[PDB]
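Novice: Just dropping this structure here.
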Amino acid sequence: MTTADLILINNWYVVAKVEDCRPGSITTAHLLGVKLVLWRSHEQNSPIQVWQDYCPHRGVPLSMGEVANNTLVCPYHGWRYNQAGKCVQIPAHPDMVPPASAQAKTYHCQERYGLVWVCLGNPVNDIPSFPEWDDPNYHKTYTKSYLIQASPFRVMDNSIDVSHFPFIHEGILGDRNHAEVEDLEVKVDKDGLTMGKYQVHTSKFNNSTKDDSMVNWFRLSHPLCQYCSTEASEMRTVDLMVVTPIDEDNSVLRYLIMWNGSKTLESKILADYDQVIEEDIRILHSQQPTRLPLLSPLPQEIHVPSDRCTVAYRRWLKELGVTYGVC
Amino acid sequence: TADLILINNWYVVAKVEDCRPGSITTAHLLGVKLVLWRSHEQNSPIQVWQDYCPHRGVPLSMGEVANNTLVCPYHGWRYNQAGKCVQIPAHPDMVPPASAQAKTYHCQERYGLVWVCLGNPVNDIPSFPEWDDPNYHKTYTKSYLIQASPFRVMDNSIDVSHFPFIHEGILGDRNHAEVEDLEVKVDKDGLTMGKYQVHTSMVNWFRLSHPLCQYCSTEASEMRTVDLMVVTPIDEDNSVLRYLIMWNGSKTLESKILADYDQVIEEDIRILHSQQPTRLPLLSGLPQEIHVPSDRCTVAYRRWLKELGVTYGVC
Amino acid sequence: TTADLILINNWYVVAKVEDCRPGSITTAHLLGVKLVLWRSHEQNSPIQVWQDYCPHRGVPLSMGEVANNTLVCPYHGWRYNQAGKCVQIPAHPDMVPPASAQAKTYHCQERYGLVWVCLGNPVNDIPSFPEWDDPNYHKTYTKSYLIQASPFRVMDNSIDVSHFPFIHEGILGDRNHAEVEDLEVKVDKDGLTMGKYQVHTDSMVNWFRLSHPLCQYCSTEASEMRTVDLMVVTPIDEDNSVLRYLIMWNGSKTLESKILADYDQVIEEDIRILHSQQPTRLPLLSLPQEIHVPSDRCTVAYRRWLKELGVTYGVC
Ligand code: FES
Ligand code: FES
Ligand code: FES
Ligand SMILES: [Cl-]
Ligand SMILES: [Cl-]
Ligand SMILES: [Cl-]
Ligand SMILES: [Fe+3]
Ligand SMILES: [Fe+3]
Ligand SMILES: [Fe+3]
Ligand SMILES: [Xe]
Ligand SMILES: [Xe]
Ligand SMILES: [Xe]
């Protein structure tokens with residue numbers, strides 16, 4: 001169990017990539033305070049089973065075992081658990097039907113966009129949409145996993161912030177001179193939080209090429225995933241940022257990036273995101289308190305006109321009833 | 001703090017070989033930091049006290065042994081073998097106050113091991129019959145620091161069904177994983193398991209007179225092997241493992257025996273370090289423990305600890 | 001924060017002025033508060049000591065840059081003037097920052113080459129040091145010593161004199177001269193005072209006074225040379241301290257490194273003991289309870305003064 005809210009437990013979250021889960025493999029992960037085991041059978045096109053990493057016999061992690069004959073086997077006594085989590089065999093008592101109590105705690109898992117989505121509760125919410133996934137004109141790439149020692153909601157608040165661009169992202173996403181921020185259009189509606197189109201000022205790098213005027217916008221249907229859309233000179237680049245809430249104070253950041261330009265741009269896209277993500281991590285790791293402060297009437301946070309979309313985020317979290325990872 | 005039932009039992013804290021004349025050693029029992037010291041005389045007794053000087057809270061272990069006294073390093077106070085301050089160097093003519101006294105504990109050398117009771121010895125040190133048999137040879141395993149409850153360490157050692165999966169080299173085969181109807185008896189002696197078969201041929205039985213001490217007996221084709229497993233309870237979540245192995249076959253087998261014991265212990269320590277909760281769950285976030293017929297000796301250990309009133313190291 | 005106001009309303013050294021050169025950003029910690037110390041390229045700019053905290057989104061201001069007499073936060077470039085008022089917000093260039101856009105500032109006074117800070121309202125003055133003005137005395141500063149021990153245990157160890165023959169053998173005593181004479185201890189409204197006493201090696205006469213719980217003035221007269229010192233403890237929190245010493249002497253300048261070496265040896269010998277002592281915090285008067293003998297008169301008096309002042313922070 002956990003101290004997490006039901007609004008959060010009943011949502012889907014990315015815990016891995018499908019390319020990390022090979023046939024016959026055992027992977028560990030952490031979601032909302034719970035340790036997880038992700039396993040597949042040696043069959044090809046095998047389903048991924050996401051359970052709690054715990055054998056109920058003597059408390060040994062099931063992730064220390066082996067996958068054999070479509071069963072996850074515990075290392076201590078060799079209890080064999082089927083795809084539904086039911087012990088189907090106890091080697092010490094091979095003719096005995098295992099007790100019904102011998103059951104692993106199983107969760108909902110679904111693959112989409114090459115990502116493993118998990119729901120610890122009742123899947124009542126839907127997986128965010130990524131329209132360009134099935135567009136053959138768009139190429140796909142994934143960033144590596146980033147472990148961040150900061151609240152899941154502080155990480156998302158940062159990626160909603162845009163006024164920091166000319167300071168901690170100078171040279172990639174901002175100009176320390178064009179640092180004034182225009183009035184921002186931010187909607188709160190049925191589709192979630194939308195930052196409307198807005199101009200990103202980037203520093204010239206190629207003096208031969210024309211200014212890469214970038215227009216960006218983003219939408220949040222889920223509070224820990226953000227769909228971002230950028231149209232520059234000759235390329236539209238969309239991304240799906242996904243935050244794995246490890247606990248109230250820890251988070252994993254992953255991005256699926258899709259672009260309509262030359263596949264040869266993959267290396268540059270991945271390296272440019274690395275720079276921005278690590279410049280953002282430096283601030284996230286220093287922020288206090290570690291949990292995102294919600295609104296109220298250490299001193300309270302101060303909000304200026306340019307914080308419109310981040311004030312609306314903190315408001316959305318109070319409406320959703322979020323108390324985990326926030327203060 | 002620990003339950004009186006544990007406070008009044010004997011526990012191994014060191015090997016006699018390592019407490020030399022004039023030496024000062026350290027140990028940790030039931031939450032208490034301990035100082036062990038000997039005088040430079042031969043046949044000197046071992047004094048096991050709390051590692052603390054009552055003047056200003058400095059560890060007496062950072063001091064020195066001099067003239068059959070332990071000297072505190074801060075103000076020079078000298079404590080006799082009974083633990084009483086006999087000289088305060090700033091007041092050389094003053095009879096040191098009665099409060100100037102170290103907290104002393106009972107110490108007894110048995111089986112080449114230093115045994116300590118922090119309470120009132122109500123029970124005797126566990127018996128080891130082959131200690132007095134000259135037909136048996138003697139070897140000691142090294143110390144093993146385990147980040148697990150002392151009671152989880154003993155539960156693992158009482159378990160016999162794990163042999164075919166984590167010990168398939170020495171104590172089990174994957175084609176012989178079935179466990180026969182085991183025999184368990186909890187009497188005044190303690191917890192006793194009746195003899196059972198172990199597949200590498202071998203017959204094995206064990207008895208626990210005390211919760212953290214195990215006597216084990218194994219008969220092979222040509223050799224009887226016995227061991228005394230001692231668990232030092234550092235605190236609720238930490239333990240030290242030691243064994244005294246005795247056998248009546250060739251003394252040349254000492255190295256293979258120690259090598260075999262090391263493999264098994266480090267294979268058990270891997271499961272022990274992973275177990276959650278860290279403290280032993282007793283019979284009463286994470287689901288409750290499930291018990292199968294092959295778990296009757298470990299179910300009896302948990303029942304015994306509950307009956308004895310153990311609340312320290314257990315969940 | 002959980003500290004007693006008697007402590008919050010007192011002056012403490014958090015740095016030496018030689019460590020905060022023009023245009024620098026230094027960090028410190030005092031009574032649980034993280035502090036940012038910053039200066040200007042003004043050849044003689046003052047030292048600002050604020051809480052290491054940007055009230056916009058909670059970044060540490062110490063990760064910023066000093067520019068044109070302002071401290072600039074790294075996250076959104078907010079510029080705070082020397083009074084701590086934010087005067088620029090780059091996002092809204094022609095917007096006067098709200099009154100809330102203000103760093104939490106603390107009182108800072110430079111004295112004896114040291115940075116004194118008071119987190120509250122200074123009801124007391126910075127401890128006195130008469131040989132500072134005396135031109136016949138040379139001056140030197142020890143390095144900062146981080147001690148994993150209560151500020152009050154650190155000060156307890158400095159007032160102890162009975163331990164000189166055992167852990168400071170060679171500098172403040174030897175094992176053949178361990179008997180302690182009847183010490184003169186004056187506990188008054190001003191504070192704790194310790195009268196003249198003999199330190200062996202062939203001997204020197206020392207005394208000390210404490211007008212402040214965590215500041216000690218000491219005087220040693222030996223063979224015509226008088227050495228004085230000001231021991232300052234930075235209370236980091238209940239369990240941690242910084243130790244610093246300003247030593248002044250009227251002999252040869254050549255003695256400086258020897259003086260520094262003698263202090264360094266004694267201090268690290270004291271730190272070996274301080275780190276081993278349990279409990280970490282200083283036990284006051286009503287693990288076994290502390291026993292007191294006559295050589296411990298001035299250390300018993302320290303505990304009695306702290307209880308009368310109502311110190312609960314850093315004490316057991
Ligand atoms: S702990 Fe998993 S089978 Fe015994
Ligand atoms: S601390 Fe042991 S003698 Fe003073
Ligand atoms: S956090 Fe300091 S300026 Fe935004
Ligand atoms: Cl399989
Ligand atoms: Cl025992
Ligand atoms: Cl003073
Ligand atoms: Fe950013
Ligand atoms: Fe084992
Ligand atoms: Fe000293
Ligand atoms: Xe980016
Ligand atoms: Xe063994
Ligand atoms: Xe000194």
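Going by the structure tokens order, chains are called A, B, ..., each with residues numbered from 1, while ligands are numbered from 1 in the order shown.
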Neighbouring residues of ligand 3 are defined here as those with any atom at most 6 Å from a ligand atom, counting only C-alpha atoms and all ligand atoms; list them as number ranges by chain.

Specialist: C: 54, 56-59, 73, 75-78

Novice: Could you give me, as JSON, numbers by chain, each residue of segment 207-289 of chain C that DSSP assigns to strand (DSSP E or B) when run on this structure's backbone?

Specialist: {"C": [207, 208, 209, 210, 211, 212, 215, 216, 217, 218, 219, 220, 221, 222, 225, 226, 227, 228, 229, 230, 231, 232, 233, 234, 235, 236, 237, 240, 241, 242, 243, 244, 245, 246, 247, 248, 249, 282]}

Novice: Would you name the residues within 10 Å of ligand 11, counting only C-alpha atoms and all ligand atoms, and put them as a ChimeraX atom specification?

Specialist: /B:167,170-171,218,225,227,245,257-265

Novice: List as CSV every residue of chain A that is in contact with chain B, defined as an atom at most 8 Å from one of its atoms (using only C-alpha atoms), together with the nearest atom pair and the distance in Å rounded to one decimal, sorted by chain and then rising number.

Specialist:
```
residue,atom,partner,partner_atom,distance
A:1,CA,B:285,CA,4.3
A:2,CA,B:285,CA,7.0
A:54,CA,B:286,CA,7.8
A:56,CA,B:289,CA,5.6
A:57,CA,B:290,CA,4.9
A:58,CA,B:289,CA,6.1
A:59,CA,B:276,CA,5.2
A:60,CA,B:275,CA,5.0
A:61,CA,B:274,CA,6.6
A:75,CA,B:165,CA,6.5
A:76,CA,B:162,CA,5.6
A:77,CA,B:162,CA,5.0
A:78,CA,B:165,CA,6.6
A:91,CA,B:177,CA,5.7
A:92,CA,B:178,CA,3.9
A:93,CA,B:178,CA,5.7
A:94,CA,B:178,CA,6.8
A:101,CA,B:290,CA,7.1
A:102,CA,B:290,CA,7.2
```

Novice: Using N, CA, C and O atoms, can you export the residues from the last selection as a CSV table (one decimal), in the first residue's frame?

Specialist:
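Below is the file that was written, selection-v5.csv:
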```csv
chain,number,residue,atom,x,y,z
A,1,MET,N,0.8,-1.2,0.0
A,1,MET,CA,0.0,0.0,0.0
A,1,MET,C,0.9,1.3,0.0
A,1,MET,O,2.1,1.2,-0.3
A,2,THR,N,0.2,2.4,0.3
A,2,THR,CA,1.0,3.7,0.2
A,2,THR,C,0.2,4.8,0.9
A,2,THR,O,-0.9,4.6,1.3
A,54,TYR,N,7.3,-9.2,-4.2
A,54,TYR,CA,7.2,-9.7,-2.9
A,54,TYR,C,6.6,-11.1,-3.0
A,54,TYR,O,5.5,-11.3,-3.5
A,56,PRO,N,4.8,-13.9,-0.9
A,56,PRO,CA,4.1,-13.9,0.4
A,56,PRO,C,4.5,-15.0,1.3
A,56,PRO,O,4.0,-15.1,2.5
A,57,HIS,N,5.4,-16.0,0.9
A,57,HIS,CA,5.8,-17.1,1.8
A,57,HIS,C,6.7,-16.6,2.9
A,57,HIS,O,6.4,-16.6,4.1
A,58,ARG,N,7.9,-16.1,2.5
A,58,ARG,CA,8.8,-15.6,3.5
A,58,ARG,C,9.4,-14.2,3.1
A,58,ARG,O,10.4,-13.8,3.7
A,59,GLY,N,8.7,-13.4,2.3
A,59,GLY,CA,9.1,-12.0,2.0
A,59,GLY,C,10.3,-11.8,1.2
A,59,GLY,O,10.9,-10.8,1.3
A,60,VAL,N,10.6,-12.8,0.3
A,60,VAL,CA,11.8,-12.6,-0.6
A,60,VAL,C,11.3,-11.9,-1.9
A,60,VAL,O,10.2,-12.2,-2.3
A,61,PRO,N,12.1,-10.9,-2.4
A,61,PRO,CA,11.7,-10.3,-3.7
A,61,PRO,C,11.6,-11.3,-4.8
A,61,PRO,O,12.5,-12.1,-5.0
A,75,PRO,N,13.3,-17.4,-5.6
A,75,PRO,CA,14.6,-18.0,-5.3
A,75,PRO,C,14.7,-18.8,-4.0
A,75,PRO,O,15.4,-19.7,-4.0
A,76,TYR,N,13.9,-18.5,-3.0
A,76,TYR,CA,14.0,-19.2,-1.6
A,76,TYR,C,13.5,-20.6,-1.7
A,76,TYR,O,14.3,-21.5,-1.3
A,77,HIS,N,12.3,-20.8,-2.1
A,77,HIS,CA,11.7,-22.2,-2.0
A,77,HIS,C,11.2,-22.6,-3.4
A,77,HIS,O,10.6,-23.7,-3.5
A,78,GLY,N,11.3,-21.8,-4.4
A,78,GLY,CA,10.9,-22.3,-5.8
A,78,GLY,C,9.5,-22.3,-6.1
A,78,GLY,O,9.1,-23.0,-7.0
A,91,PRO,N,7.4,-26.9,-4.8
A,91,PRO,CA,8.2,-28.1,-5.0
A,91,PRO,C,8.3,-29.0,-3.8
A,91,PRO,O,8.4,-30.2,-3.9
A,92,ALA,N,8.3,-28.4,-2.5
A,92,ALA,CA,8.3,-29.3,-1.3
A,92,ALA,C,7.1,-30.2,-1.2
A,92,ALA,O,7.2,-31.2,-0.6
A,93,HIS,N,6.0,-29.8,-1.9
A,93,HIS,CA,4.8,-30.6,-1.8
A,93,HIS,C,4.1,-30.7,-3.1
A,93,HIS,O,3.1,-30.0,-3.4
A,94,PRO,N,4.8,-31.5,-4.0
A,94,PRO,CA,4.4,-31.4,-5.5
A,94,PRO,C,3.1,-31.9,-5.9
A,94,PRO,O,2.6,-31.5,-7.0
A,101,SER,N,-4.2,-18.3,-0.7
A,101,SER,CA,-3.4,-17.2,-0.2
A,101,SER,C,-2.1,-17.0,-1.0
A,101,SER,O,-1.6,-15.8,-1.0
A,102,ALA,N,-1.6,-18.0,-1.6
A,102,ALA,CA,-0.3,-18.0,-2.3
A,102,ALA,C,-0.6,-17.3,-3.7
A,102,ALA,O,-0.8,-17.9,-4.7
```

Novice: Any idea which chain A residues end up within 6 Å of chain C if we count only C-alpha atoms, as a PyMOL selection string please?

Specialist: chain A and resi 164+179-181+286-288+301-302

Novice: Let me have all residues with an atom within 9 Å of ligand 4, counting only C-alpha atoms and all ligand atoms, laid out as a PyMOL selection string.

Specialist: chain A and resi 23-24+40-43+46+67-72

Novice: Generate a file of the selected residues that holds N, CA and C atoms, formatted as an mmCIF file, in the first residue's frame.

Specialist:
```
data_model
loop_
_atom_site.group_PDB
_atom_site.id
_atom_site.type_symbol
_atom_site.label_atom_id
_atom_site.label_comp_id
_atom_site.auth_asym_id
_atom_site.auth_seq_id
_atom_site.Cartn_x
_atom_site.Cartn_y
_atom_site.Cartn_z
ATOM 1 N N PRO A 23 11.979 -10.994 -23.999
ATOM 2 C CA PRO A 23 11.393 -12.268 -23.612
ATOM 3 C C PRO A 23 12.232 -12.992 -22.551
ATOM 4 N N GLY A 24 11.611 -13.353 -21.427
ATOM 5 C CA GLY A 24 12.290 -14.093 -20.348
ATOM 6 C C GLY A 24 12.939 -13.202 -19.323
ATOM 7 N N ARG A 40 8.396 -11.159 -18.361
ATOM 8 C CA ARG A 40 7.807 -11.676 -19.608
ATOM 9 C C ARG A 40 8.222 -13.136 -19.749
ATOM 10 N N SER A 41 7.397 -13.960 -20.389
ATOM 11 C CA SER A 41 7.780 -15.362 -20.685
ATOM 12 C C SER A 41 8.755 -15.375 -21.858
ATOM 13 N N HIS A 42 9.480 -16.474 -22.025
ATOM 14 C CA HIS A 42 10.490 -16.581 -23.109
ATOM 15 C C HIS A 42 9.809 -16.644 -24.480
ATOM 16 N N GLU A 43 8.486 -16.785 -24.524
ATOM 17 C CA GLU A 43 7.758 -16.764 -25.811
ATOM 18 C C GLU A 43 7.880 -15.375 -26.435
ATOM 19 N N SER A 46 5.251 -12.047 -25.985
ATOM 20 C CA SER A 46 4.753 -12.425 -24.645
ATOM 21 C C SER A 46 4.247 -11.191 -23.917
ATOM 22 N N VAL A 67 12.424 -16.818 -14.692
ATOM 23 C CA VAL A 67 11.184 -17.055 -15.474
ATOM 24 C C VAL A 67 11.360 -18.432 -16.112
ATOM 25 N N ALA A 68 10.401 -19.324 -15.895
ATOM 26 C CA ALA A 68 10.520 -20.697 -16.413
ATOM 27 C C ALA A 68 9.141 -21.277 -16.671
ATOM 28 N N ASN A 69 8.904 -21.764 -17.887
ATOM 29 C CA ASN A 69 7.623 -22.433 -18.247
ATOM 30 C C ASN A 69 6.438 -21.492 -18.000
ATOM 31 N N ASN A 70 6.535 -20.235 -18.429
ATOM 32 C CA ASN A 70 5.450 -19.229 -18.272
ATOM 33 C C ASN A 70 5.125 -19.020 -16.791
ATOM 34 N N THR A 71 6.125 -19.152 -15.925
ATOM 35 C CA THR A 71 5.924 -18.897 -14.476
ATOM 36 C C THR A 71 7.094 -18.103 -13.906
ATOM 37 N N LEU A 72 6.822 -17.218 -12.953
ATOM 38 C CA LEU A 72 7.925 -16.540 -12.234
ATOM 39 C C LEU A 72 8.225 -17.403 -11.010
#
```

Novice: Give me the residues within 10 Å of residue 107 of chain C as a list in words, counting only C-alpha atoms and dropping any in the same chain fewer than 5 places off.

Specialist: residues 11, 47, 48, 49, 50, 116, 117, 118, 119, 120, 121 and 122 of chain C

Novice: If we count only C-alpha atoms and set the cut-off at 7 Å, which residues sit around segment 158-168 of chain C, ignoring sequence neighbours fewer than 5 positions away in its own chain? Please answer as a list in words.

Specialist: residues 73, 74, 75, 76 and 90 of chain B; 173, 174, 175, 177, 178, 180, 266, 269, 295, 298 and 299 of chain C

Novice: Take the residues that were just selected and, keeping N, CA, C and O atoms, output them as a PDB file, in the first residue's frame.

Specialist:
```pdb
ATOM      1  N   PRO B  73      40.807   7.692  28.574  1.00  0.00           N
ATOM      2  CA  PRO B  73      41.711   8.612  27.903  1.00  0.00           C
ATOM      3  C   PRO B  73      41.498  10.109  28.180  1.00  0.00           C
ATOM      4  O   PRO B  73      42.419  10.856  27.971  1.00  0.00           O
ATOM      5  N   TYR B  74      40.348  10.508  28.725  1.00  0.00           N
ATOM      6  CA  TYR B  74      40.037  11.956  28.878  1.00  0.00           C
ATOM      7  C   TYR B  74      40.669  12.561  30.135  1.00  0.00           C
ATOM      8  O   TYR B  74      41.446  13.510  29.989  1.00  0.00           O
ATOM      9  N   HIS B  75      40.330  12.059  31.316  1.00  0.00           N
ATOM     10  CA  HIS B  75      40.844  12.680  32.567  1.00  0.00           C
ATOM     11  C   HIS B  75      41.713  11.680  33.338  1.00  0.00           C
ATOM     12  O   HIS B  75      42.121  12.015  34.451  1.00  0.00           O
ATOM     13  N   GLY B  76      41.961  10.502  32.777  1.00  0.00           N
ATOM     14  CA  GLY B  76      42.910   9.551  33.386  1.00  0.00           C
ATOM     15  C   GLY B  76      42.359   8.657  34.471  1.00  0.00           C
ATOM     16  O   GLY B  76      43.162   7.969  35.107  1.00  0.00           O
ATOM     17  N   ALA B  90      43.499  13.922  39.059  1.00  0.00           N
ATOM     18  CA  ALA B  90      43.447  15.344  39.468  1.00  0.00           C
ATOM     19  C   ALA B  90      43.338  15.444  40.988  1.00  0.00           C
ATOM     20  O   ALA B  90      43.818  16.442  41.544  1.00  0.00           O
TER      21      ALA B  90
ATOM     22  N   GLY C 173      50.265  20.149  29.279  1.00  0.00           N
ATOM     23  CA  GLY C 173      50.593  19.459  30.514  1.00  0.00           C
ATOM     24  C   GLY C 173      51.363  18.183  30.252  1.00  0.00           C
ATOM     25  O   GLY C 173      51.728  17.865  29.114  1.00  0.00           O
ATOM     26  N   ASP C 174      51.628  17.458  31.337  1.00  0.00           N
ATOM     27  CA  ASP C 174      52.186  16.117  31.223  1.00  0.00           C
ATOM     28  C   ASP C 174      51.616  15.250  32.333  1.00  0.00           C
ATOM     29  O   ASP C 174      51.073  15.745  33.323  1.00  0.00           O
ATOM     30  N   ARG C 175      51.748  13.936  32.150  1.00  0.00           N
ATOM     31  CA  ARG C 175      51.087  12.942  32.991  1.00  0.00           C
ATOM     32  C   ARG C 175      51.593  12.947  34.435  1.00  0.00           C
ATOM     33  O   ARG C 175      50.922  12.394  35.314  1.00  0.00           O
ATOM     34  N   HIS C 177      52.004  15.782  36.096  1.00  0.00           N
ATOM     35  CA  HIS C 177      51.506  17.005  36.724  1.00  0.00           C
ATOM     36  C   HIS C 177      49.995  17.127  36.535  1.00  0.00           C
ATOM     37  O   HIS C 177      49.484  18.113  36.005  1.00  0.00           O
ATOM     38  N   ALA C 178      49.280  16.107  37.010  1.00  0.00           N
ATOM     39  CA  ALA C 178      47.856  15.950  36.765  1.00  0.00           C
ATOM     40  C   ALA C 178      46.987  16.536  37.871  1.00  0.00           C
ATOM     41  O   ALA C 178      45.807  16.808  37.626  1.00  0.00           O
ATOM     42  N   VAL C 180      45.004  18.978  40.049  1.00  0.00           N
ATOM     43  CA  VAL C 180      44.466  20.318  39.696  1.00  0.00           C
ATOM     44  C   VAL C 180      44.296  21.110  40.991  1.00  0.00           C
ATOM     45  O   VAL C 180      43.751  20.558  41.963  1.00  0.00           O
ATOM     46  N   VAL C 266      46.298  20.638  19.597  1.00  0.00           N
ATOM     47  CA  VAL C 266      45.379  20.605  20.733  1.00  0.00           C
ATOM     48  C   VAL C 266      43.940  20.429  20.254  1.00  0.00           C
ATOM     49  O   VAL C 266      43.196  19.589  20.766  1.00  0.00           O
ATOM     50  N   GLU C 269      43.053  16.983  19.014  1.00  0.00           N
ATOM     51  CA  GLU C 269      43.033  16.054  20.167  1.00  0.00           C
ATOM     52  C   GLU C 269      41.702  16.228  20.894  1.00  0.00           C
ATOM     53  O   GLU C 269      41.142  15.242  21.346  1.00  0.00           O
ATOM     54  N   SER C 295      37.668  19.239  40.421  1.00  0.00           N
ATOM     55  CA  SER C 295      38.309  19.846  39.229  1.00  0.00           C
ATOM     56  C   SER C 295      37.272  20.260  38.178  1.00  0.00           C
ATOM     57  O   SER C 295      37.655  20.970  37.242  1.00  0.00           O
ATOM     58  N   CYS C 298      34.126  24.652  37.103  1.00  0.00           N
ATOM     59  CA  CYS C 298      33.756  25.639  36.050  1.00  0.00           C
ATOM     60  C   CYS C 298      32.868  25.002  34.974  1.00  0.00           C
ATOM     61  O   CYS C 298      32.080  25.727  34.369  1.00  0.00           O
ATOM     62  N   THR C 299      33.003  23.697  34.758  1.00  0.00           N
ATOM     63  CA  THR C 299      32.165  22.988  33.757  1.00  0.00           C
ATOM     64  C   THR C 299      30.778  22.748  34.348  1.00  0.00           C
ATOM     65  O   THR C 299      29.814  22.790  33.576  1.00  0.00           O
TER      66      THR C 299
END
```

Novice: All residues within 10 Å of ligand 7 are required, counting only C-alpha atoms and all ligand atoms; please report them as a compact mmCIF listing (two decimals) with N, CA and C atoms, in the first residue's frame.

Specialist:
```txt
# COMPACT_ATOMS: atom_id res chain seq x y z
N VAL A 155 8.83 18.49 -10.70
CA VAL A 155 9.45 18.22 -12.03
C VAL A 155 8.49 18.69 -13.12
N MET A 156 7.21 18.39 -12.98
CA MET A 156 6.21 18.80 -13.99
C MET A 156 6.03 20.32 -13.95
N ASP A 157 6.00 20.92 -12.77
CA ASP A 157 5.89 22.39 -12.61
C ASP A 157 7.02 23.06 -13.37
N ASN A 158 8.23 22.52 -13.27
CA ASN A 158 9.39 23.05 -14.03
C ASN A 158 9.10 22.96 -15.53
N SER A 159 8.66 21.80 -16.02
CA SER A 159 8.46 21.67 -17.49
C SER A 159 7.27 22.51 -17.93
N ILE A 160 6.45 23.01 -17.02
CA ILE A 160 5.34 23.92 -17.42
C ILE A 160 5.89 25.35 -17.40
N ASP A 161 6.88 25.63 -16.55
CA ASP A 161 7.53 26.96 -16.50
C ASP A 161 8.18 27.24 -17.85
N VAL A 162 8.05 28.48 -18.32
CA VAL A 162 8.65 28.90 -19.61
C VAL A 162 9.47 30.17 -19.37
N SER A 163 9.24 30.87 -18.26
CA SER A 163 10.00 32.11 -18.10
C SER A 163 11.46 31.87 -17.73
N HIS A 164 11.82 30.66 -17.31
CA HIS A 164 13.22 30.38 -16.99
C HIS A 164 14.08 30.16 -18.23
N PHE A 165 13.48 30.03 -19.41
CA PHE A 165 14.24 29.66 -20.60
C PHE A 165 15.48 30.52 -20.81
N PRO A 166 15.41 31.85 -20.74
CA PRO A 166 16.61 32.63 -21.07
C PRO A 166 17.68 32.56 -20.00
N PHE A 167 17.43 31.95 -18.84
CA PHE A 167 18.42 31.93 -17.76
C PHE A 167 19.13 30.59 -17.63
N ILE A 168 18.40 29.50 -17.39
CA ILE A 168 19.09 28.22 -17.26
C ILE A 168 19.13 27.43 -18.56
N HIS A 169 18.41 27.85 -19.60
CA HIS A 169 18.57 27.29 -20.95
C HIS A 169 19.11 28.26 -21.99
N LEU A 173 17.25 27.25 -25.62
CA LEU A 173 15.85 27.63 -25.52
C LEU A 173 15.65 29.08 -25.09
N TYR A 273 18.17 17.70 -25.78
CA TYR A 273 17.25 17.44 -24.65
C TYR A 273 18.06 17.14 -23.40
N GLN A 275 20.96 18.25 -22.50
CA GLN A 275 21.46 19.53 -21.94
C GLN A 275 20.35 20.20 -21.14
N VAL A 276 19.20 20.42 -21.75
CA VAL A 276 18.06 21.12 -21.09
C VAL A 276 17.62 20.34 -19.85
N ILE A 277 17.48 19.02 -19.95
CA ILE A 277 16.98 18.21 -18.80
C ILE A 277 17.96 18.36 -17.63
N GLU A 278 19.25 18.30 -17.89
CA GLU A 278 20.24 18.34 -16.78
C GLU A 278 20.39 19.76 -16.24
N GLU A 279 20.11 20.76 -17.06
CA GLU A 279 20.13 22.16 -16.55
C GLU A 279 18.91 22.35 -15.66
N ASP A 280 17.82 21.67 -15.99
CA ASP A 280 16.59 21.76 -15.18
C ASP A 280 16.79 20.96 -13.89
N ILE A 281 17.46 19.81 -13.95
CA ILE A 281 17.66 18.92 -12.77
C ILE A 281 18.47 19.67 -11.70
N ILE A 283 18.32 22.69 -10.88
CA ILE A 283 17.42 23.59 -10.10
C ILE A 283 16.47 22.74 -9.25
N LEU A 284 15.91 21.69 -9.83
CA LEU A 284 14.96 20.81 -9.12
C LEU A 284 15.61 20.23 -7.86
N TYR C 75 17.27 31.16 -11.41
CA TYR C 75 16.15 30.46 -12.04
C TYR C 75 15.41 31.38 -13.01
```

Novice: Here is a test: counting only C-alpha atoms, which residue of C:232, C:239, C:153, C:250 is nearest to chain B?

Specialist: C:153

Novice: With only C-alpha atoms as the basis for distance, which of B:78, B:33, B:91, B:20 is at the shortest distance from chain C?

Specialist: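 Counting only C-alpha atoms, the residue closest to chain C is B:91.
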
Novice: What gap, in Å, lies between atom CA of residue 135 of chain B and atom CA of residue 256 of chain B?

Specialist: 19.1 Å

Novice: Taking only C-alpha atoms into account, find every residue of chain B that has an atom no more than 12 Å from chain C, and write it out as a ChimeraX atom specification.

Specialist: /B:31-33,50-64,71-77,85,87-103

Novice: Select, from B:168, B:109, B:235, B:187, the residue with the minimum atom-to-atom distance to ligand 8, counting only C-alpha atoms and all ligand atoms.

Specialist: B:168
